[PDB]
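Okay, structure first, notes after.
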Amino acid sequence: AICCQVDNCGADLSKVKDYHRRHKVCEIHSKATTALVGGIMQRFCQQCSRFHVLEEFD
Ligand SMILES: [Zn+2]
């Protein structure tokens with residue numbers, strides 16, 4: 001049972017099966033627009049499957 005890496009998110013990654021638990025992240029931030037990880041806002045990608053600052057994102 002892993003928890004979401006994003007701050008202010010105590011989502012339990014136990015219900016999931018994979019992917020979301022592999023990169024440590026719930027389903028919300030997984031397909032969300034803005035996320036808080038460490039301190040700087042970012043957006044989780046689907047194709048690349050990894051967190052990244054939303055400085056260049058659309
Ligand atoms: Zn989350």
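In the structure tokens, the first chain shown is A, the next is B, and so on; residue numbers restart at 1 for each chain, and ligands run from 1 in the order shown.
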Exercise answer, 7 Å around ligand 1 with only C-alpha atoms and all ligand atoms, as an MDAnalysis selection string: chainID A and resid 4:6 9 11 25:29
Could you state the separation of CA of residue 1 (chain A) and CA of residue 38 (chain A) in Å, given to one decimal place?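 Computing it gives 21.0 Å between the two atoms.
The shortest atom-to-atom distance to residue 21 (chain A), with only C-alpha atoms taken into account, belongs to A:2 out of A:40, A:53, A:2, A:48.
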With distances taken over only C-alpha atoms, which residue among A:49, A:17, A:58, A:44 lies nearest residue 30 (chain A)? A:44
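DSSP annotation of chain A from backbone atoms: strand (DSSP E or B) residues are residues 2, 3, 12, 13, 35, 36, 37, 40, 41, 42 and 53 of chain A.
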